[PDB]
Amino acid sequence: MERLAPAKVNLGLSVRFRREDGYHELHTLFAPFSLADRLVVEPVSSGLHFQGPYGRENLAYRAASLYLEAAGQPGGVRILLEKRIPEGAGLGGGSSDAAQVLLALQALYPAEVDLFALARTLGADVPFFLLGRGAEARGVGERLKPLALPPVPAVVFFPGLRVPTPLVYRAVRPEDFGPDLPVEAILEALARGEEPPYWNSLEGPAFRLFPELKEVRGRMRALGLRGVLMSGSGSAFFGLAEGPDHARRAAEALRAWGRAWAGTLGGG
């Protein structure tokens, strides 16, 4: 079986306050983006044979192991993961990989396994990717409500500036806290091709600590992209294009400074 595991971007991210539990309450939109890892998943008589980054620590490996356990060890599987999405950049490739492995095994080895229970065990964004569409999220990003997003042309850019993800959160200050995102107005702005009334509260600390990031945004703005945001905790950025040729040409120009892809954001 072949599968495609699409990326996501956070189409706006607002840090609402610090919770009684010490994490930050978010309000954020998750939008699928068409850049996708390719997975080949095939049943075999025995064993779990996995090729991809991180070996046994890969979320998709853990997904397969959990599934086969839940299903009463119905047989083996061979999984090949070909990465197209950069890792640890706010794009959710690993979570998407794991979702597709769950869905593939569900088809290959039906056994009334509760995929969402497994996905919540795996955590991160696996429950989101199982939905196959956009979502509005609260809590720490895990409390989901489905959201229909208009499909629009977009560009994702990866500058190669990795820091541990807790850093950007530890750097957040009360002065960075925002209101809820105006969800309907953001959707309207996407469909109308306007500048969306969104923000990413994490850009507060991130641009203060890493001024290189403002240069990334400026470069994307100069190519005509609208609504340029760092995606979640970063460091990937996205921007909205006027049309598919514009997305392609802006992505091509950005390759001078890093990795870029033209695609579609939203769609379900």
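Heads up: residue numbers just count along the shown sequence, starting at 1.
Exercise. Should the higher mean CA B-factor in the entry be assigned to 177-185 or to 93-101?
Worked result: Per the PDB record, 177-185.
For this session: Read off the CA B-factors in the entry, average them over 68-76 and over 161-169, and name the higher stretch.
Result: Between 68-76 and 161-169, it is 161-169.
Problem set entry | Selection by C-alpha B-factor (highest) of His27, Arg62, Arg221, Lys214 | When the deposited C-alpha B-factors of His27, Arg62, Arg221, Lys214 are compared, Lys214 is largest.
Problem set entry | Residue with highest C-alpha B-factor in the PDB entry, from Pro151, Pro110, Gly134, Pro197 | By C-alpha B-factor in the record, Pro151 ranks first.
For this session: Determine, from the deposited record, the chain-internal third of the Cα B-factor for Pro127: lowest, middle or highest.
Result: Its C-alpha B-factor belongs to the lowest third of this chain's values.
Exercise. Comparing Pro32 with the other modelled residues of its chain, is its CA B-factor in the lowest, middle or highest third?
Worked result: Answer is lowest: the recorded C-alpha B-factor places it there.
Exercise. Lowest, middle or highest third: where is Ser201 by C-alpha B factor in its chain?
Worked result: It belongs to the lowest third of the chain when residues are ordered by C-alpha B-factor.
Exercise. What third of its chain, lowest, middle or highest, does the C-alpha temperature factor of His49 fall into?
Worked result: For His49, the deposited C-alpha B-factor lands in the highest third.
Exercise. Lowest, middle or highest third of the chain for the C-alpha temperature factor of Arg38?
Worked result: Middle third.
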